[PDB]
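Peer 1: Pasting the sequence and an experimental structure:
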Amino acid sequence: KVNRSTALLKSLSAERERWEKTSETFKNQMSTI
């Protein structure tokens, strides 16, 4: 179904941005250990 693919793409973009933010905050925690 095309709707499933579009929803997967949207959720995957959201998850990519979430994990990029997680990597940045991980770098911050490394900076303060």
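Peer 2: Looks like it came in fine. Numbers count the residues shown, from 1 in each chain.
Peer 1: In the chain, mark out all the helices, start to finish.
Peer 2: 2-31 (DSSP state H).
Peer 1: how far away is residue 9 from residue 28?
Peer 2: Going from residue 9 to residue 28 by Cβ to Cβ, to the nearest Å gives 29 Å. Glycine gets a C-beta too; all of them are placed from N, C-alpha and C.
Peer 1: try residue 19
Peer 2: 15 Å.
Peer 1: and residue 32, backbone torsions?
Peer 2: As for residue 32, its main-chain torsions (degrees, to the nearest 10) stand at phi -120, psi 80.
Peer 1: Could you list which residues are in contact with residue 4?
Peer 2: Neighbour list for residue 4: empty [criterion: Cβ atoms under 8 Å, 6 or more residues apart in numbering].
Peer 1: how far away is it from residue 18?
Peer 2: 20 Å.
Peer 1: Next: residue 9.
Peer 2: 15 Å.
Peer 1: Likewise for residue 2?
Peer 2: 24 Å.
Peer 1: okay, those two: which has more neighbours?
Peer 2: Legend: neighbour count by other Cβ atoms under 10 Å for residue 2 and residue 18, higher for residue 18 (10 against 6).
Peer 1: From residue 25, how far out is that one?
Peer 2: For residue 18 relative to residue 25 (Cβ to Cβ), the value is 11 Å.
Peer 1: now swap in residue 5 and tell me
Peer 2: 30 Å.
Peer 1: try residue 33
Peer 2: With Cβ to Cβ as the criterion, residue 33 and residue 25 are 13 Å apart.
Peer 1: Those two: who's more crowded?
Peer 2: Between residue 33 and residue 25, counted using other Cβ under 10 Å, residue 25 has the larger neighbour count: 10 against 4.
Peer 1: who touches that one in this structure?
Peer 2: No contacts exist for residue 25 under Cβ under 8 Å, 6+ apart.
Peer 1: Could you shift the numbering so residue one becomes 763, and keep it that way?
Peer 2: Sure, I'll start numbering at 763, so the last one becomes residue 787.
Peer 1: Can you give me the distance of it to residue 772?
Peer 2: For residue 787, the distance to residue 772 - Cβ to Cβ - is 23 Å.
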